[PDB]
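Reviewing the structure listed below.
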Amino acid sequence: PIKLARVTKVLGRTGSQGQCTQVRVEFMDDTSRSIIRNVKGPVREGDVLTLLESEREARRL
Amino acid sequence: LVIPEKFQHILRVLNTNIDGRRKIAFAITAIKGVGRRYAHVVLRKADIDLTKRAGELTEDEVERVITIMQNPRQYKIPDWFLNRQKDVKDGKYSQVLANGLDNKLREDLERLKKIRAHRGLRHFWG
Amino acid sequence: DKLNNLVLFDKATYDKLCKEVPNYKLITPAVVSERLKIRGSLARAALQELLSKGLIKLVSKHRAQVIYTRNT
Amino acid sequence: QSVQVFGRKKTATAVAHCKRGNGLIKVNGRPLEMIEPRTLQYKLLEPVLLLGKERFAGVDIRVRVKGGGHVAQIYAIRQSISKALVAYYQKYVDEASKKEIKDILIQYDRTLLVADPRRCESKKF
Amino acid sequence: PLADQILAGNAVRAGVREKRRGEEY
Amino acid sequence: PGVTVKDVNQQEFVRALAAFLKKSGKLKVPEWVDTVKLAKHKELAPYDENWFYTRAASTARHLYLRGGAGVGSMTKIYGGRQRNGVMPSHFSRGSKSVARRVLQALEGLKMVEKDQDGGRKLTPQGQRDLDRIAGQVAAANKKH
Amino acid sequence: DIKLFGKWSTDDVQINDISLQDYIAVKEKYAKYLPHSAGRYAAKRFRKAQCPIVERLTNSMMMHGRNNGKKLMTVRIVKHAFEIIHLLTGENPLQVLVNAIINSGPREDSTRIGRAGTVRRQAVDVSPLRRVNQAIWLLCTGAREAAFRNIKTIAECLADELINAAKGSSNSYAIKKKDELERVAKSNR
Amino acid sequence: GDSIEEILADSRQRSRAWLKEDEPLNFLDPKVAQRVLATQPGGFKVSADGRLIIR
RNA sequence: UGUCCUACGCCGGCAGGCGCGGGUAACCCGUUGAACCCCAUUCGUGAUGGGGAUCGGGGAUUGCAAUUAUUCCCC
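Residue numbers (the entry's author numbering), protein chains in the order written: chain c, 8 to 68; chain S, 3 to 128; chain Z, 42 to 113; chain Q, 8 to 132; chain w, 18 to 39, 47 to 49; chain T, 2 to 145; chain F, 16 to 204; chain K, 1070 to 1080, 1102 to 1111, 1115 to 1135, 1145 to 1157.
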């Protein structure tokens, strides 16, 4: 099932070359789930994201 | 329009094949000695409509193209426009097309070899 | 493979143009030549014939692109 | 009585002269619909179409351009035509008309009144 | 602190870096 | 109230002016008209067989706009880009004799005379001819 | 009404995707007459989100060197492309275009990392702006490599690319390139 | 020559003009000469007391 | 940009000749009529009207001198 998420704040850019940024998202169906994800490209607050699988929380150092 | 009943796919001109699909201003260029520039003024002196393909020209107007491009000087083709100017042997102005182009080029090579000029020796060695 | 597009209309494909091309919803020199297998020189020369015969509406005239359409 | 303004692009400078008339616009002696790049015809006609044909009916504008290129002159022509009208409606029409012209003419495209401060960068040793 | 050290090793540092790149008359 | 040259399409005006000059039959067309390139930077000869009239028409229209133009000025107008083989291209002028023979041919039409401070300008009868033809240009285009 | 090219209306364009409302900019405030504006849409971050969607199309067809600079030619192409799209399909060519940007956006991508030799991939999500930056790029390279050596004019290769993408067909270059980006990302969770 | 900046000083070419661009410029305004210009537009030790130190 | 930049007239198809003027220069070249660009025509996926190398023949110019092609033009 496809799931949409709205970001809340941008934590910082990760990756070896800084090709990703790590952002905290919040859902649309129920504003209780808040998972952490990695995204590439320009991201700002209020962006709506399409998550293919909303099960695992992304992680990098 | 349609193909005429007497349309030619391949035209035999000066012992080479002239393609009938190509336009008459540029199908003539298949024979050596004529180019995009010589064949345009030849078809202008012959008063032939250039929109025609080379295939639907009948036997009448294809033979007056030849007697123009083999014999250019009596149709006011100017003296500067010809490729074979004053010859070494017989100084006169002409336009060599099919095998005359290759024979004159070969003759200009062996003339420079027999006299052992620098230009003829470097053609031989190279 | 290599294209052997005809440079003049034969009898079979000339009829095929005059009963099918004015019902395509798009008529263009380039889309006619892909399906009728003719050169683009005649592919545009056949359409000015059909335009003068009133079988096709003109949409745009340009030196790069020409666009044609059915009547109804 | 008349108003003499200017509008500019990279090097294409325009000057426009607007006075009482019946609504003819000329550039270099040619009409507005005969200016050579016909692809960008709407950029010449934007201040006329945004405002309306009736609003230009009380003014005749004659524009002269020199310098620049084919599209740099169109961007200077459309600037000085609109800038000539907002100056004419200020000095000889009430400011309420001038405020409402300057309102809808900025919200469309800001380059019709305030120029683009972009010019070619020099090279140094 | 242990929890401060773990959370610093789990998240990404960000913030300070200043990159210097790049009319009236 | 009469339309002028500047108020109509310049492309349609040359097609109308060259069609006027051909129908008159009084232009003096040189003999080498069918055998010359009209610029040293051309690969071929003109496609149109009646290229002399459209060159003649475009000469009169250019003389109306900015007068006092000589042979050297009109070769600069009709110059283009010369692709110098594998070397980078440059700007090259047109052929002077074609530009000259047009100006002689317009003089025989009693349309162009010399200028005391330079090259050539238009006759008062010349400008009467061009402004009349702009009338038929706008009537068949802007009134249809 | 301010219409594109004088004959295409921006009123009826409805964007189906919630994520791309802020970034596909064709509505009543961004409706312009022509896709030429010479606007400074790249002097600040996320400035180009407010650029109209058709101007971003014409800026991306100015590509591969020989066409770098020629924008009056590319606005000529998108003018002819919309007049073909109206002919084949019959509705607003702006509606076909905004369906193409939605369907050609990769929703999930992968990044390449490697410490010493072992170069492996991790799947990351795609920002809504890059979903448009990738979508315009894939349709423009779709139409460019479509013809390049045949009799098809680029005006009708670009129309046949935007129509196929809006239908969601696999005949698109954009859909085929999007799906293999999705297929690699699924394998690299 | 007697303003504060001119007196406290640490001590082809004349044809250059600067147009200024507000209300749009009108060349037929009688007060337009205001909006054209002829030239360019636009350390000791302190004690702990705050007194200056001069040497 | 310059006392070497050139305008104009005549001749030749072109390179190129003959004559007569302006400018020590925001004064003449020069309203610096630039090229891509824009609008029409022909071509139609073909090592093709793409690409121009390498060659043959001739003509013109600078130089004491052009051969190992000074350079330019035509086929």
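Where a beta carbon is used, it is the ideal one built from N, C-alpha and C, also for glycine.
Tell me whether residue i sits in a helix, a strand or coil according to DSSP, three-state version.
| i | result |
| --- | --- |
| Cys27 of chain c | strand |
| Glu114 of chain T | strand |
| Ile33 of chain S | coil |
| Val43 of chain S | helix |
| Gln114 of chain Q | helix |
| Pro125 of chain T | helix |
| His101 of chain F | helix |
| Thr57 of chain c | strand |
| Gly95 of chain Z | coil |
| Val107 of chain Z | coil |
| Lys73 of chain Q | strand |
| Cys127 of chain Q | coil |
| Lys106 of chain S | helix |
| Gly73 of chain T | helix |
| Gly129 of chain F | strand |
| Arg135 of chain F | strand |
| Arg86 of chain S | strand |
| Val100 of chain Z | strand |
Tell me which residues share the same chain as residue i and place their Cβ nearer than 6 Å to its Cβ, disregarding the 5 neighbours each side in the sequence.
| i | result |
| --- | --- |
| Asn118 of chain F | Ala180 and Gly183 |
| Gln10 of chain S | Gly22 and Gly57 |
| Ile79 of chain Z | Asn46 and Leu47 |
Which whole-angstrom value describes the C-beta separation of residue i and residue j, a residue pair presumed to lie in contact below a C-beta threshold of 8 Å?
| i | j | result |
| --- | --- | --- |
| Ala200 of chain F | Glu176 of chain F | Not really, about 23 Å apart at Cβ, beyond 8 Å. |
| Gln97 of chain S | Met71 of chain S | 7 Å |
Please name the residue or residues paired with residue i in a DSSP beta bridge.
| i | result |
| --- | --- |
| residue 133 of chain Q | This structure does not reach residue 133 of chain Q, given that chain Q is present from 8 up to 132, and the question cannot be answered. |
| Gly19 of chain c | c:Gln29 |
| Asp140 of chain F | c:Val46 and F:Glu123 |
| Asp21 of chain S | S:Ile12 |
| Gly81 of chain T | T:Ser93 |
| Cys25 of chain Q | Q:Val10 and Q:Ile68 |
| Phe50 of chain Z | S:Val4 |
Look at the alpha carbon of residue i and the alpha carbon of residue j, and state the distance between them as a whole number of angstroms.
| i | j | result |
| --- | --- | --- |
| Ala70 of chain T | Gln128 of chain T | 16 Å |
| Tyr115 of chain Q | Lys44 of chain F | 8 Å |
| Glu123 of chain F | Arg94 of chain T | 59 Å |
| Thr126 of chain F | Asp42 of chain Z | 40 Å |
| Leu58 of chain Z | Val100 of chain Z | 19 Å |
| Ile84 of chain Q | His103 of chain Z | 27 Å |
| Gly75 of chain Q | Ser89 of chain Q | 20 Å |
| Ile97 of chain Z | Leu91 of chain Z | 6 Å |
| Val73 of chain Z | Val62 of chain Z | 8 Å |
| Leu22 of chain T | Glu50 of chain T | 15 Å |
| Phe63 of chain Q | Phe1120 of chain K | 21 Å |
| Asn64 of chain Z | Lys18 of chain F | 30 Å |
| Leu3 of chain S | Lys143 of chain T | 35 Å |
| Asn105 of chain S | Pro70 of chain Z | 46 Å |
| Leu77 of chain Z | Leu88 of chain Z | 13 Å |
| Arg38 of chain w | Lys59 of chain F | 12 Å |
| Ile1073 of chain K | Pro1123 of chain K | 31 Å |
| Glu75 of chain Z | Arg111 of chain Z | 19 Å |
| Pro89 of chain T | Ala40 of chain T | 19 Å |
| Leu51 of chain Q | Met112 of chain T | 36 Å |
| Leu72 of chain F | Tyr56 of chain F | 14 Å |
Keeping to the same chain, check which residues put their C-beta closer than 8 Å to that of residue i; ignore five residues upstream and five downstream.
| i | result |
| --- | --- |
| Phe61 of chain F | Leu144 |
| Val32 of chain c | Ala12, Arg13, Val14, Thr15, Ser41, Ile42, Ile43, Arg44, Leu56 and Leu58 |
| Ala19 of chain Q | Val72, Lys73, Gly74, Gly75, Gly76, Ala79, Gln80, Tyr82 and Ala83 |
| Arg84 of chain T | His42 and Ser90 |
Which residues in the same chain have their Cβ closer than 7 Å to the Cβ of residue i, if we skip the five residues on either side of it in sequence?
| i | result |
| --- | --- |
| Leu16 of chain S | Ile33, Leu99 and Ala100 |
| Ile39 of chain F | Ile30, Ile68, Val113, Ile116 and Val147 |
| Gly28 of chain Q | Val66 and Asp67 |
| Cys172 of chain F | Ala158, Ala161 and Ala162 |
| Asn35 of chain Q | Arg71 and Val72 |
| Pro6 of chain S | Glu58 |
| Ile169 of chain F | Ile92, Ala158 and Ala162 |
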